[PDB]
Protein chains: 4
Amino acid sequence: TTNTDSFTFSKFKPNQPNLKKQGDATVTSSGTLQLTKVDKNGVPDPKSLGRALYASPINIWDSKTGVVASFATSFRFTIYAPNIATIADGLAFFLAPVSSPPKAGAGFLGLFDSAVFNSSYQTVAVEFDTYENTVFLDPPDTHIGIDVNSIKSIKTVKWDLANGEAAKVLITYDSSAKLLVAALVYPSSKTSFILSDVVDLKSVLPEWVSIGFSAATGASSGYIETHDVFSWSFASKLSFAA
Amino acid sequence: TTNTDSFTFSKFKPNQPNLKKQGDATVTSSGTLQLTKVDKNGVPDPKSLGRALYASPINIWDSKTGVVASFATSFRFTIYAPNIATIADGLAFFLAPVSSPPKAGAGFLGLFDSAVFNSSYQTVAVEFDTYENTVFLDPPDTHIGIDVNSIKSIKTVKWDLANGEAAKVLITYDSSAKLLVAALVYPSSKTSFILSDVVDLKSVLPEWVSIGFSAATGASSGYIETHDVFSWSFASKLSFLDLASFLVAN
Amino acid sequence: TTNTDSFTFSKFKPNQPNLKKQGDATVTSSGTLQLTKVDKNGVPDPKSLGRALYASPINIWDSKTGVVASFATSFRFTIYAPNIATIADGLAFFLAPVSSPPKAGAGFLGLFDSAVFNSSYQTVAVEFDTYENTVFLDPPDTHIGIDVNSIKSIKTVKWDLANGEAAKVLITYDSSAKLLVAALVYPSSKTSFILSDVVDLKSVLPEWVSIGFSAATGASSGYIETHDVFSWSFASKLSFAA
Amino acid sequence: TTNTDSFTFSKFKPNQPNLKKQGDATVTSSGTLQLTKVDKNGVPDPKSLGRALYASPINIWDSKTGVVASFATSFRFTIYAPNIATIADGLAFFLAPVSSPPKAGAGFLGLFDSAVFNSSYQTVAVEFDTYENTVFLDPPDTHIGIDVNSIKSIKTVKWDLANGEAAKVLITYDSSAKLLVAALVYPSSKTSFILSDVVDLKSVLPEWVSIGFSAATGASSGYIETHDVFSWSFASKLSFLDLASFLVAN
Ligand SMILES: *[C@@H]1O[C@H](CO)[C@@H](O[C@@H]2O[C@H](CO)[C@@H](O[C@@H]3O[C@H](CO)[C@@H](O)[C@H](O[C@H]4O[C@H](CO)[C@@H](O)[C@H](O)[C@@H]4O)[C@@H]3O)[C@H](O)[C@H]2NC(C)=O)[C@H](O[C@@H]2O[C@@H](C)[C@@H](O)[C@@H](O)[C@@H]2O)[C@H]1NC(C)=O
Ligand SMILES: *[C@@H]1O[C@H](CO)[C@@H](O[C@@H]2O[C@H](CO)[C@@H](O[C@@H]3O[C@H](CO)[C@@H](O)[C@H](O)[C@@H]3O)[C@H](O)[C@H]2NC(C)=O)[C@H](O[C@@H]2O[C@@H](C)[C@@H](O)[C@@H](O)[C@@H]2O)[C@H]1NC(C)=O
Ligand SMILES: *[C@@H]1O[C@H](CO)[C@@H](O[C@@H]2O[C@H](CO)[C@@H](O[C@@H]3O[C@H](CO)[C@@H](O)[C@H](O)[C@@H]3O)[C@H](O)[C@H]2NC(C)=O)[C@H](O[C@@H]2O[C@@H](C)[C@@H](O)[C@@H](O)[C@@H]2O)[C@H]1NC(C)=O
Ligand SMILES: *[C@@H]1O[C@H](CO)[C@@H](O)[C@H](O)[C@H]1NC(C)=O
Ligand SMILES: [Ca+2]
Ligand SMILES: [Ca+2]
Ligand SMILES: [Ca+2]
Ligand SMILES: [Ca+2]
Ligand SMILES: [Mn+2]
Ligand SMILES: [Mn+2]
Ligand SMILES: [Mn+2]
Ligand SMILES: [Mn+2]
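Residues numbered from 1 in each chain as written, not as in the entry; some residues may be left out. Chains lettered and ligands numbered in written order. Heavy atoms only, no water.

Where the PDB entry is consulted, chain B appears under the name Lectin Alpha chain, with the organism given as Butea monosperma. The record for the entry shows the title "Crystal structure of Butea monosperma seed lectin".

Within the PDB entry, the label attached to chain A reads Lectin Beta Chain, and the organism entered is Butea monosperma.

Caption draft 1: Fine view of the overall build of chain A. Within chain A, the secondary structure is distributed over 0 helices and 18 strands. Burial analysis of chain A (242 residues in total) assigns 60% to the buried set. The contacts of chain A with a sequence gap of at least 6 include a subset with a gap of at least 24, amounting to 70%. Total accessible area computed for chain A in this model is approximately 8,500 Å², and 53% of it derives from carbon and sulfur atoms. Positive and negative side-chain charges of chain A, numbering 19 and 21 respectively, have mean locations separated by a distance of 7 Å. (Helix = DSSP H or I, 4+ residues; strand = E, 2+ residues; numbered from the N terminus. Buried < 20%, exposed > 50% of the residue type's maximum accessible area, 1.4 Å probe, protein only. Contact = heavy atoms within 4.5 Å. Areas by Shrake-Rupley, 256 points an atom, 1.4 Å probe, with all protein chains shown as cover. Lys, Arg positive; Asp, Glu negative; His and termini not counted. Charge placed at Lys NZ, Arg CZ, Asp CG, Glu CD.)

Caption draft 2: Quick look at the coordination of the manganese ion (ligand 9). All names here are of chain A. Taken together, the protein ligands of the manganese ion (ligand 9) are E127 (OE), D129 (OD), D138 (OD) and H143 (NE2), with distances of 2.1 to 2.3 Å. Separating the manganese ion (ligand 9) from the calcium ion (ligand 5) is a gap of 4.4 Å, which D129 spans by donating to each of them. Both residues of the pair, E127 and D129, count as buried. (Donors = N, O, S within 2.8 Å, 3.2 Å for Na, K, Ca; no water.)

Caption draft 3: Highlighting unusual backbone geometry. Look at the link from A88 of chain A to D89 of chain A: it is a cis peptide, with omega at -10°. On the secondary structure map, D89 of chain A appears in strand β10 (residues 89–96). Unusually for a residue other than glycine, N15 of chain D sits at a positive phi of about 80°. Relative to the assigned elements, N15 of chain D resides in the loop between β1 (2–9) and β2 (19–23). Within the chain, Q122 of chain D stands out as a residue other than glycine whose phi angle is a positive 45°.

Caption draft 4: Region of interest: the pattern of salt bridges. Residue and element names in this part refer to chain A. What the rule picks out here adds up to 12 salt bridges over all chains. In this structure, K37 engages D24 in a salt bridge whose closest nitrogen and oxygen atoms are separated by 4.0 Å. Taken together, the positions of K37 in the loop between β4 (33–34) and β5 (49–54) and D24 in the loop between β2 (19–23) and β3 (26–27) put the pair 13 residues apart, joining distant regions of the chain. Its relative accessible area of 25% is what places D24 among the partly exposed residues. One salt bridge connects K178 with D200, and the closest N-O pair in it is separated by 3.5 Å. (Salt bridge = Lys/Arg side-chain N within 4 Å of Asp/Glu carboxyl O.)

Caption draft 5: Inspection of the coordination of the calcium ion (ligand 6) at higher detail. Residue and element names in this part refer to chain B. Surrounding the calcium ion (ligand 6) are the protein donor atoms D129 (OD), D129 (OD), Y131 (O), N133 (ND2) and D138 (OD), which sit 2.2 to 2.6 Å from the metal. The sequence pattern describing where the donors of the calcium ion (ligand 6) fall on their chain is D-x1-Y-x1-N-x4-D. Between the two metals, the calcium ion (ligand 6) and the manganese ion (ligand 10), the spacing is 4.1 Å, and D129 donates to both.

Caption draft 6: Layout of the pairing of strand β16 (residues 228–239) of chain B. All names here are of chain B. For β16, the buried fraction is high: 10 of the 12 residues fall into the buried class. Bridging between strand β4 (residues 33–34) and β16 involves 2 bridges; their strand directions are antiparallel. In the sheet register, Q34 faces β16, and the bridge partner there is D228. In this sheet, β16 lies alongside strand β7 (residues 70–78) in antiparallel orientation, the contact comprising 9 bridges. Residue pairing for β16: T73 is matched across the bridge by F234. (Pairing = 2+ DSSP bridges.)

Caption draft 7: Here's a closer look at the side chain of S153 of chain C. All names here are of chain C. Tracing the chain through its elements places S153 in the loop between β10 (143–148) and β11 (155–158). At 3.1 Å, the side chain of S153 forms a polar contact with the side chain of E127. Ignoring anything within four residues of it in the chain, the contact list for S153 reads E127, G145, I146 and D147. (Polar contact = N/O pair within 3.5 Å; in protein donor to acceptor, adjacent residues only side chain to side chain.)

Okay, structure coming up:
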């Protein structure tokens, strides 16, 4: 007995009513979702935080039956950094409760308030982290991480940013294997990165979540980068028994 | 460059935050979308009026390119009347300005305010109409209508209500033919009906539209019927559909 | 446990190896599947017979579990008759056993051998009949028909031929309702026909069936028309414990 | 103006005529496609090679229009080895011309006849390689690799085999960026591997190609492992795929 919800934005459009935008999020004339503040020149600013949600909650689990949804989302994104040596803070795909407020900037990625684990967050996220928060146990490498009610990622893998180049991303969740899987590929320069782990979405998330993007820039001048999104598809399936 | 927005409600849930319940519209505990009001008794009430819309506007055409969405939807619904001789007024699947407010009850079907045509409605519907308003040029028989900016359907055809029986609808809009088609089947009765006509969606809708059901029961006590929706499926693409593949399992 | 097989021919190409063509059927330069003989000049010929099948069998029902496929097919076809008053014989979408040869021409539609019902035809069809075979209890009008192990339709509805316009067809089988529905629209005329009936696929087909088209022109001189298909899409779904 | 062709085998079934079996490929009565010979015990035999292709050719590209197909494919497979430390040879998913004979075994994986690259193979493969063949430039570790007309990969990455555990694979081709990607995840060990390269196909493969799997065991006793496939979906679009939807509908 399956519900499904899916959409594909191959462009973005100014003021799109199917998209909830938060903090600094703009969608440009040219169709770019500009998650984080970027002046006329292309020049990203500090002290920024931006978010994008799909306008309707996704039913990721069902308490009557205990059935859990599988989902798959795909997106393409570009991090340009004026200076690659100083980069902060990163972007992320997440699933948080609905009407849940944006949270601290920088390392927090606009999804947390603190280094502390808290089951209250009810956030699961795949981060693309570009600055090392030693305070958070970040690997020293810029990384893909999987967060579960904590910015202190449960598992991380290296990810070598290709500055200004477009990354194609696939994020997967098999509900019967409880497997969350994230893969990033640079089409131009042909590199590849994968991270996978087990997350039991029912003990973590509410039945209904907002899905979308979060992004932050550095708390320090020069520690700046864009977080531009070009396209985004998603598809979730919630079957009620076998 | 193709956008797609799409979904399946095969079962409904109370309070479902991805739909916008308006008027009396609710979803019971066992999953039925009651568009229009029903006592626990199971007795349908008069002067009810309810709508359900998907909470996400749909991009139906793009002004910059001129490009227009194709779309498909299907659902399963029952109208049950305690008294088949006194049945009012109907239900409808529609597109309208985001997220439109319900308009007059009764034979207006929550979609219109009078018998006259008006472009500001910006509304296009397929009605499944159950009471003959002669001031709306209604045919004597129960009928499926296509309606554009008016309650006076621009084309109707016969529909024989099977009282208390689930009908399966496929409504369909091929953008290159500007073709709207509504098919209705009762699998229990083996009976079927189709209406087909053109409507140039770009002429009559805004770029963004809210999609849903609308239903009303009668303006006099006893003209009464349910307008229950069991399941619902929708799919659109806008390029700046694969229908076979869409039904066989949406 | 759901298997699925699906495709779309948005146009045909000559000797494309995923169709098997039988009889006179061929694919033209401009990508048309002419089921029946049309000459040099567009003049269709009599005594012609053509079938075009998907080169893969379709698992219609599973005997071990007794479950049965749902499937949906859509196609676009033109028949054009140079004399509207003298047209024959029709076309058909059908399911039948594999390596099951073409069968009698004319009014049997490449699908049968006599008037009589016969179980061992193991054939199910939706037909688009342009000539009254009185001998087959044909209605006195061009009709659409459901046929199950007989050219004697188990049900019909009136179909109004629109000479030389493309017809859009949607045929659909719902194995939970055991419900076969055929709809035909002409975009040009705005016209619309539907036929709906119960058919037990599990009763009348084997587990695997070829799926395709059959068509035939009239017997006598003059009872001629074309039977041209432009596009075809099929999808089926066979869940073992649904 | 877009063609399509997809399927999903969640089970395999004995004899299944939409699947063409070559060499030793057997489908177990419990549903496993056994690419290479697996005896009574369940003990894999050496000296084996098997292949299973989809029974109909796939249109990968069109010469008239020069347009080229995109495609996803996923599958579950298990390699079981009685001694983890004597293992050969490997399995692959390939695209070769119809109706390609199966070719040399062992480290050639049933796809190639020798170390030599050849254009007239018109074979592209994603390889799962379990034995180092120095004659083919194999890296010291077990690896996934992209093969184009040759048993010598154009690129590889360390694949660490988890013995007896189902691997889930995703293979994609983006014709728009001539880019082929293989990824494998062992859901039990939460462990993963991904491999990206550019390969044209228009220049390398015919318009029509058969597709499936190929496998082989070692050339000497004891160098043995199974190559068992549990499910398989495939999707191809060629305009003259929405992967996110593909995966979650398998
Ligand atoms: C529904 O479908 C089946 C087809 O599967 C028909 O049954 C078959 O009919 C054929 C043709 O009549 C029979 O073949 C016969 O088999 C015997 C040996 O078993 C042959 O020798 C025989 O030939 C003799 O007759 C010939 C013509 O008279 C000569 O040329 C030969 O010399 C030879 O002397 C012929 O090939 C099948 O055996 C029969 N199959 C089965 C499984 O029964 C149905 O036909 C009906 O039933 C038949 C028994 C027969 O009596 C027909 O007259 C019936 O139509 C067919 N049913 C209907 C209603 O059409
Ligand atoms: C579409 O619906 C709109 C809004 O309902 C119609 O506009 C209304 O039309 C009436 C004209 O018959 C107007 O009557 C007036 O009432 C006011 C006081 O409230 C008086 O001061 C005035 O003397 C009129 O009698 C009404 O004003 C008007 N409402 C609004 C909000 O403008 C509309 O009718 C069409 O446009 C309007 C503005 C007039 O020009 C009409 O003549 C015209 O037909 C509806 N359109 C159609 C095509 O039916
Ligand atoms: C790469 O792949 C091509 C195509 O298979 C190879 O060419 C083929 O080689 C075969 C010999 O190994 C040729 O077949 C023989 O033809 C003669 C003449 O009738 C027969 O008497 C004999 O018994 C064989 O059937 C085959 O003709 C040829 N195929 C084609 C399509 O031309 C190719 O091998 C190289 O080219 C040929 C001309 C011979 O010189 C070979 O020795 C040769 O290596 C393969 N390339 C390599 C480097 O291995
Ligand atoms: C978690 O969050 C809530 C409010 O958001 C707070 O009351 C609580 O103290 C939190 N921290 C921990 C460690 O539980
Ligand atoms: Ca960090
Ligand atoms: Ca009415
Ligand atoms: Ca006839
Ligand atoms: Ca090797
Ligand atoms: Mn981190
Ligand atoms: Mn009406
Ligand atoms: Mn007939
Ligand atoms: Mn290798």
